[PDB]
Number of protein chains: 2
Amino acid sequence: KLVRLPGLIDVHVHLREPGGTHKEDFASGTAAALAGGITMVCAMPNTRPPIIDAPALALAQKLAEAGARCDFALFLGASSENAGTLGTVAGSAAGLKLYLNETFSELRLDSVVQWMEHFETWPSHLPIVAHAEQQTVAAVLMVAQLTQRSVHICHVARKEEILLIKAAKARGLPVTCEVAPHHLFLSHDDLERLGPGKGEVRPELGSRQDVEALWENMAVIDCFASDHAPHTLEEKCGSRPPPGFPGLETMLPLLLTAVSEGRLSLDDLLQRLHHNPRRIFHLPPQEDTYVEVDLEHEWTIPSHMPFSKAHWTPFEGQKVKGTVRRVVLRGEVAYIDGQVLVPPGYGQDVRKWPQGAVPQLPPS
Amino acid sequence: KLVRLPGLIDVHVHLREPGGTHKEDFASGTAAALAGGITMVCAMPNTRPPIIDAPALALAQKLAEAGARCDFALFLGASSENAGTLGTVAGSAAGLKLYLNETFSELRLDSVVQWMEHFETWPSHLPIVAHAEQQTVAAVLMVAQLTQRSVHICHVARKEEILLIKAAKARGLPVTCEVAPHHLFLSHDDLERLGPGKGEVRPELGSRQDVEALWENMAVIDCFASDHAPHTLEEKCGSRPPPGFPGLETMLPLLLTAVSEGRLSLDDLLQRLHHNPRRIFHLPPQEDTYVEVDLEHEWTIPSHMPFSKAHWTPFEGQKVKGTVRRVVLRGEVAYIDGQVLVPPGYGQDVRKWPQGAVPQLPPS
Ligand SMILES: NC(=O)N[C@@H](CC(=O)O)C(=O)O
Ligand SMILES: NC(=O)N[C@@H](CC(=O)O)C(=O)O
Ligand SMILES: [Zn+2]
Ligand SMILES: [Zn+2]
Ligand SMILES: [Zn+2]
Ligand SMILES: [Zn+2]
Ligand SMILES: [Zn+2]
Ligand SMILES: [Zn+2]
Ligand SMILES: [Zn+2]
Ligand SMILES: [Zn+2]
């Protein structure tokens, strides 16, 4: 007996095209998405070239339209030079991404004044998301209040961060957040097994107490999002390992295992992988789109999942219960039992759909 | 023709007693204060032992009462263990100091939740000051808003920081700040002369653009305070130089030079070294207390000032115009032309004066 889910949405993926296509490209990354029960992804802008201007966005749009197998929206990235220049293309993007700490990213800003300039100039009705760790969460929340708008915090990983967000929500502040599966299912306890290179990720893996705090504060978590951050094994195991884990193919199986164990409900999962992503990012429905999962199937995560070019996974050896059996995307069979059945280019930019534009008031 | 000033107040000094008395002690540091035209100082808690509990405060009070030559108040320091424990002694302190970044300090906190706990537990009517650099300024402002109270930002040193505070004030937020003389009168341009050890200070010396921004935004600066941070030349020039500059003896001459050049007015100076310190920290008046200065005397800062045990100065070689000629403290001549004339122990804890208690509403 399969369970039918709606088309799940991952609002934080790195698909590496343009410029990093040995790690992943639109075709491989969206195959990984479909195999993970994900029918829509929002791709981050830290590519090469980074998506920080209109010409780079135009290129990325075409590469995505040609390569994507599932539907998508593309983020713009904030830079030290582009505040006040993105107005004509802003509405065509998923939102604006701010990189406020050291990580795999033309995009760390050097001053909080630059953050303020982005919050002041980016259209007020469009999403802003931030990589903001530890005190940076409080800092960016202050900037959002000064500029009287909302902000979404990416990959929350620590007790400190979730409790700060909880306190902000208790004061009625417009903040939402997401959590990635590695911060729910891995911790410091796993670093011995992973080793120092594979274990590199930002935010770093947390203590058992961090992980426990995220679970205890599930009510504070608006979305799950993979932060699918593919790098090859050679890169992860080499002399300057880049941070990040692949995660599209493992996210849903990990979370279904948790549902089966009663750690959260099916509804809790679907709020966080479907309804809240839609409402925070104003992402449109996908007609005749659904995912069929088998909740009874027990399996062990192998040393690499079939689709991501990363060709490794930090979840190797974990026992999971739950598998994606079939995905239908806009009336076509997209995935069955390990086979992707839609070609590169089947996917579409949801921001071009009439229903995918973010509503806004008319010029004065 | 001498100009009579009121008794000036320095709300940020490190007097090193207990535990660092080769660098300074209450007697030498307050001699330095008097020679700099300062009749009241607020001493920071990063001593050895640090002033983070009632017994340490009791010790420091007695050492100060016995050694101080000018009047004083003593800060308590926030630690990772003392939130909720300082209520009985809080009103006897200058205020609570939070160390939120790496510097010469049992006192960096590890989580913003610890900051929140201090803001929630410290009595709401008493001062809180923070060492908070760059984005940390925005973060601590967020914590202050979440807990609906004020905060004072120590030694603002950067364009980024003063502009953030300016934006907060424009939104009516209860934030005040101070600036130290080295951030007004030294910059990166001076690092070649100072060298890497002597030049170590937190916040670090800024660019010419940082310095220019502080001057341009003088209206945003509530107080001047030295951050007198004495260390010996051996320590500054050794293999692990501690950050900090001595500054009590040079602050007023530097600022008087600026007044003489029309960079700020005498009133601007007195707001920042007298009236605003009084009102932010609820420091009492000092009866029959004044400072006589000679505004015409030109001199060059020597390699060390006479009183601080630091026995060096980063302002060596700067030409100044303005000198402290006489200080009268509570009806006694305390300083004349290079001679301190009040003994260790003349100074008093202003928080013990009836007029030095911070006003508060009665228990419910
Ligand atoms: N999270 C990571 O460790 N890496 C991400 C970047 C990011 O989300 O910050 C990547 O693009 O590789
Ligand atoms: N400012 C410094 O560089 N050092 C100060 C500490 C401080 O004010 O942070 C000290 O106590 O030495
Ligand atoms: Zn990130
Ligand atoms: Zn994100
Ligand atoms: Zn990311
Ligand atoms: Zn909507
Ligand atoms: Zn400091
Ligand atoms: Zn201070
Ligand atoms: Zn200090
Ligand atoms: Zn008062």
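Using the structure shown, decide if A:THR313 is buried (at least 17 other Cβ atoms within 10 Å of the Cβ), among the hydroxyl-bearing types (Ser, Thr, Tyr) and more than 16 Å from ligand 8 (Cβ to nearest atom).
The answer is yes for A:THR313.
Of the numbered conditions (1) within 11 Å of chain A (Cβ to nearest Cβ); (2) more than 24 Å from A:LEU146 (Cβ to Cβ); (3) of a type in the set (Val, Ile, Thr), B:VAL140 fails exactly one; give the number of that condition.
Checking B:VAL140 against (1) within 11 Å of chain A (Cβ to nearest Cβ); (2) more than 24 Å from A:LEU146 (Cβ to Cβ); (3) of a type in the set (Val, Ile, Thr), the one that fails is (2).
Which members of region B:272-285 meet the condition of being buried (at least 19 other Cβ atoms within 10 Å of the Cβ), over 12 Å from B:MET40 (Cβ atoms) and out of contact with any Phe, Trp or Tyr (no Cβ under 6 Å at 6 or more places or on another chain)?
Across region B:272-285, the qualifying residues are B:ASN276, B:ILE280, B:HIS282.
What's the number of the only condition in (1) more than 14 Å from chain A (Cβ to nearest Cβ); (2) in a helix (DSSP H, G or I); (3) buried (at least 17 other Cβ atoms within 10 Å of the Cβ); (4) not polar (S, T, N, Q) that B:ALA83 fails to meet?
All conditions pass for B:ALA83, except number (2).
Could you tell me whether B:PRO242 is more than 14 Å from every other protein chain (Cβ to nearest Cβ), within 16 Å of ligand 7 (Cβ to nearest atom) and surrounded by fewer than 23 Cβ atoms within 10 Å (Cβ to Cβ)?
Answer is yes for this residue.
Only residues in region A:172-196 that are under 12 Å from A:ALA225 (Cβ atoms) count as the first member; pair them with residues that are among the charged types (D, E, K, R) and assigned to a loop (DSSP other than H, G, I, E, B), Cβ under 8 angstrom, at least 6 apart or cross-chain, and list the lot.
A:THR176/A:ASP222; A:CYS177/A:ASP222; A:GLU178/A:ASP222; A:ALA180/A:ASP227; A:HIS182/A:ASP227
Mind checking which helices (runs of 4 or more DSSP H) fall wholly inside region B:143-226 and carry at least 2 residues that are within 23 Å of B:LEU96 (Cβ to Cβ) and within 13 Å of another protein chain (Cβ to nearest Cβ)?
B:159-170
Can you say whether B:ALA73 is farther than 30 Å from B:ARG330 by Cβ and not in a loop (DSSP other than H, G, I, E, B), as far as the supplied structure shows?
Answer is no for this residue.
Which pairs do you get when a residue that is farther than 22 Å from B:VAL151 by Cβ, found in region B:261-280, comes within reach of a residue that is basic (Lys, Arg) and more than 16 Å from ligand 7 (Cβ to nearest atom), reach meaning Cβ atoms under 9 angstrom, with the pair 6+ apart or on two chains?
Every condition considered, the pairs that remain are B:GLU261/B:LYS321; B:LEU264/B:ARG272.
For region A:286-302, name all the residues that are of a type outside the set (D, E, K, R) and loosely packed, with under 15 Cβ neighbours inside 10 Å.
A:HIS297, A:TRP299, A:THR300, A:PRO302
Restricting attention to region B:245-257, does a residue exist that is away from chain A (no Cβ under 14 Å) and within 16 Å of ligand 10 (Cβ to nearest atom)?
Looking through region B:245-257, none of the residues is away from chain A (no Cβ under 14 Å) and within 16 Å of ligand 10 (Cβ to nearest atom).
Considering A:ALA56, A:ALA94, A:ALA68, A:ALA73, which residue is surrounded by fewer than 24 Cβ atoms within 10 Å (Cβ to Cβ) and not acidic (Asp, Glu)?
So the residue among A:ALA56, A:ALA94, A:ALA68, A:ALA73 that is surrounded by fewer than 24 Cβ atoms within 10 Å (Cβ to Cβ) and not acidic (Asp, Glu) is A:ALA56.
Would you say B:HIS118 is within 27 Å of A:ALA139 (Cβ to Cβ) and in contact with a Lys or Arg (Cβ under 9 Å, 6 or more places away or on another chain)?
For B:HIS118, the condition - within 27 Å of A:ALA139 (Cβ to Cβ) and in contact with a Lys or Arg (Cβ under 9 Å, 6 or more places away or on another chain) - is not met.
Looking only at region A:116-143, which residues are over 21 Å from A:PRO45 (Cα atoms) and either away from ligand 3 (no atom under 16 Å from the Cβ) or surrounded by 23 or more Cβ atoms within 10 Å (Cβ to Cβ) (or both)?
A:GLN135, A:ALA138, A:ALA139, A:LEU141, A:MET142, A:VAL143, listed by residue number.
Of the residues that make up region A:200-209, is at least one within 23 Å of B:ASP110 (Cβ to Cβ), away from ligand 1 (no atom under 16 Å from the Cβ) and of a type in the set (D, E, K, R)?
yes
More than 16 Å from ligand 1 (Cβ to nearest atom), of a type in the set (A, V, I, L, M) and within 14 Å of chain A (Cβ to nearest Cβ) - does that describe any residue in region B:123-132?
Yes, there is a match, as at least one residue in region B:123-132 is more than 16 Å from ligand 1 (Cβ to nearest atom), of a type in the set (A, V, I, L, M) and within 14 Å of chain A (Cβ to nearest Cβ).
Answer with yes or no whether B:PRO306 is within 18 Å of B:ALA94 (Cβ to Cβ) and either in contact with a strand residue (DSSP E or B) (Cβ under 8 Å, 6 or more places away or on another chain) or surrounded by fewer than 20 Cβ atoms within 10 Å (Cβ to Cβ) (or both).
no
Do we have any residue at all in region A:157-169 that's touching an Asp or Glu at 6+ places or on another chain (Cβ under 9 Å), of a type outside the set (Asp, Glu) and farther than 28 Å from A:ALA229 by Cα?
no
Condition check ((1) within 16 Å of ligand 4 (Cβ to nearest atom); (2) under 30 Å from A:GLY84 (Cα atoms); (3) in a loop (DSSP other than H, G, I, E, B)) across all residues:
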{"residue": "A:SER28", "(1), (2), (3)": "no, no, no"}
{"residue": "A:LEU34", "(1), (2), (3)": "no, no, no"}
{"residue": "A:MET40", "(1), (2), (3)": "yes, yes, no"}
{"residue": "A:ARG48", "(1), (2), (3)": "no, yes, yes"}
{"residue": "A:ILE51", "(1), (2), (3)": "yes, yes, yes"}
{"residue": "A:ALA56", "(1), (2), (3)": "no, yes, no"}
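Please work out which one of (1) surrounded by fewer than 24 Cβ atoms within 10 Å (Cβ to Cβ); (2) outside any loop (DSSP other than H, G, I, E, B); (3) of a type in the set (A, V, I, L, M, F, W, C) is the condition A:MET251 fails and give its number.
Tallying (1) surrounded by fewer than 24 Cβ atoms within 10 Å (Cβ to Cβ); (2) outside any loop (DSSP other than H, G, I, E, B); (3) of a type in the set (A, V, I, L, M, F, W, C), A:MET251 fails exactly one: (1).
Name the single residue that is farthest from ligand 4 (Cβ to nearest atom) among those in region A:114-139 being of a type in the set (A, V, I, L, M, F, W, C) and assigned to a helix (DSSP H, G or I).
So, considering only residues that are of a type in the set (A, V, I, L, M, F, W, C) and assigned to a helix (DSSP H, G or I), the one farthest from ligand 4 (Cβ to nearest atom) is A:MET116.
Is one or more of the residues making up region B:246-258 more than 21 Å from the chain's Cα centre (by Cα) and either among the charged types (D, E, K, R) or within 16 Å of ligand 7 (Cβ to nearest atom) (or both)?
no
Values in this text are rule-based calculations from the coordinates and carry no lab data. Ideal geometry is used to build each Cβ from the backbone, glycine not excepted, and the neighbour counts take in all protein chains shown.
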